[PDB]
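Only one chain is included here, represented as structure tokens and corresponding to the form deposited in one PDB entry.
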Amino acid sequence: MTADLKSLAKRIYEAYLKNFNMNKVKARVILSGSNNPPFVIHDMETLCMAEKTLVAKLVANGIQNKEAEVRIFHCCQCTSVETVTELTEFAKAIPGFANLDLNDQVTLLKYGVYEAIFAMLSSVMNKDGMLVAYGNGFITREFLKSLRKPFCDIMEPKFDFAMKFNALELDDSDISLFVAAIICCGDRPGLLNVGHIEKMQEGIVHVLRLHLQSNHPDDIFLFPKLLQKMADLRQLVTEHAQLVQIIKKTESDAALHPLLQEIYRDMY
């Protein structure tokens, strides 16, 4: 007559496999190297080729097409909007989340989505580049660094986080619970029912702790390593939001999608 934490871990894992278009196994199959392989974007010529095949509407404007860096930033935003949608459905699997007031669900998602986005982005990154466009492109790290300022400054800190995060050798069963724990933080600004959220957090962190003990017997500090990664992600998001605001203030063509503007509004 006690909670079955192994079963809860498996429920979370299954919800992650159901709700995210990309997972670490799917990404590794593509990254390893037969139908619809990814188109490699390593320079301006190959960016423009990939756009004409994969996001044709975006470059169908002739002289009116936006600057390459702004088109890339638009594609970044579309990826975030999609991952926010996936995370919102995933959160229903977290015990207690759907029982919270709607406003608290919104606040938890507001602060958690970008931390989760950058954690999961590691799964599609290697030291040379990253998968994009639903696994149909591979854009190089060097190409992103070559963009004009400020756009070359977006992805590099995310690659740096990801190289260390990937060295932990988590699998999707671990990442799903880490993402659930990110969403359940009782210290987000403006929460109403802090007490119930703290209990929700305690519960999911307990599931995570036991799962890591079982799945990674070789790494006895993996749980505190991941607690630190959560703090690192909060700081990565704070810095990312500051850069997005610079882009907003200084780049008139880099229209910010209204869902993301709402996420960033009053965030940090």
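Just count from 1 along the sequence shown to find any residue number.
The same protein has a further form, the form solved in complex with a partner chain, not shown here; the description that follows concerns it.
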item	value
Answer option from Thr85, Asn193, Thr140, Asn99, heavy atom within 4.5 Å of its partner chain in the deposited complex	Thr85
Candidate from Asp171, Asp128, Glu89, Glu198 lying within 4.5 Å of its partner chain in the deposited complex - any heavy atom	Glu89
Its partner chain contact in the deposited complex: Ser146, any heavy atom under 4.5 Å	no
Distance check, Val106 to its partner chain in the deposited complex, heavy atom within 4.5 Å	yes
In the deposited complex, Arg188 touching its partner chain (heavy atom, 4.5 Å)	no
Proximity of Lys158 to its partner chain in the deposited complex, heavy atoms at 4.5 Å	no
